[PDB]
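Below: one protein chain in two forms, given as structure tokens, structure 1 then structure 2.
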Structure 1
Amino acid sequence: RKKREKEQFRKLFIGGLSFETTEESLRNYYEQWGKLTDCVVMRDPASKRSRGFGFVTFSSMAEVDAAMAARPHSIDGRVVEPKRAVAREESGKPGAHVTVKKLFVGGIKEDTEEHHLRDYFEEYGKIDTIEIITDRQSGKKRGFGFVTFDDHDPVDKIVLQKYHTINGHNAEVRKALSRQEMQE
């Protein structure tokens, strides 16, 4: 009992496709977990060579959830790297295409604690680590911490739903990137 979400929430980027992968075989594969609305494998215009990547659009985000839960994916004898897609409009933010397991979580003030985060974020995946940042040499809480999962996808899914309310607070949740966000 949902409406269609906007496209960005239903779209998958598939990296590391084999050269013999086509739209029909990619579509065949991802149709196991949902109805495909669009499917495209990007080619060199001159050579018509596959660029080794593509995009599938599911009809609901739930189907993306299901397909991601089914990993790993072998399409044409090669394990592919599927990720929630990055909008054309955000493709050039620093660190846009970088896959990480570490979630940033700010906006939490001083009353928020590891158990609030665990309890809240448990429902997205297996957590490895939770660290609430206290001040170096004061122990004063700094308003933020880091959740690290065993997989990148809970992070991506979390950040895609950008609105999260935790311990009463509006939390800022982003990826925790080092200066790996340096690319031109």
Structure 2
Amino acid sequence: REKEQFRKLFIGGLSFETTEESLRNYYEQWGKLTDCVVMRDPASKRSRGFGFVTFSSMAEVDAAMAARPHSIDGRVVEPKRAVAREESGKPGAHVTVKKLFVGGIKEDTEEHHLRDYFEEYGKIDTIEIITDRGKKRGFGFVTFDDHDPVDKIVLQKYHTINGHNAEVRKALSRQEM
């Protein structure tokens, strides 16, 4: 089976009273959990307002994310696919967006190439192939109706599209880069 990283969900905005027990009972609705933790301050043991749960398979995570919104202990939480600790310190590592940067597609890639490839990850709202104000600059953007497709796509850094070793990144604004 896939690594823990691909079976783990970051659950943000937990109620400070949420415990490993109550967090476990809820997400077990979609399968067996191999791990569950509420992150706390080491000194005071106070809840930090987030935690992690690990499902037994990717399919169990996809099922959980398909059943949003999630409410735990009377508070609406925001589950997200886990970003690896090694990405800490990089700009935009933990930003949640609906738009995807796609680079390395060169000049022979058009909107329909991206649509055929990415449509399987979720509902596509818009696709943009960047040009010069009219040559193609080699990269474009894909905007989904939800952030989870973007989060799932970026778990694989490189994606073969239209015969190119393409690179995917969560879309960042100018200020954030």
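So that the term is clear: the rigid core is the largest set of C-alpha atoms that superpose within 1.5 Å between two forms. Shifts are known only where both forms have a C-alpha. Structure 1's sequence is the ruler for residue numbers, which start at 1.
- Core-superposed comparison between structure 1 and structure 2: the C-alpha position of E123 differs by less than 2 Å.
- With the core held fixed between structure 1 and structure 2, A46 has its Cα displaced by at least 2 Å.
- We note a C-alpha movement of 0.3 Å at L160 between structure 1 and structure 2, with the rigid core held in register.
- At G92, the distance the Cα travels between structure 1 and structure 2 is 2.2 Å after the core is superposed.
- In sequence order, 44 to 49, 161 to 163, 179 to 182 are the runs of at least 3 consecutive residues whose Cα positions differ by 2 Å or more between structure 1 and structure 2 once the rigid core is superposed.
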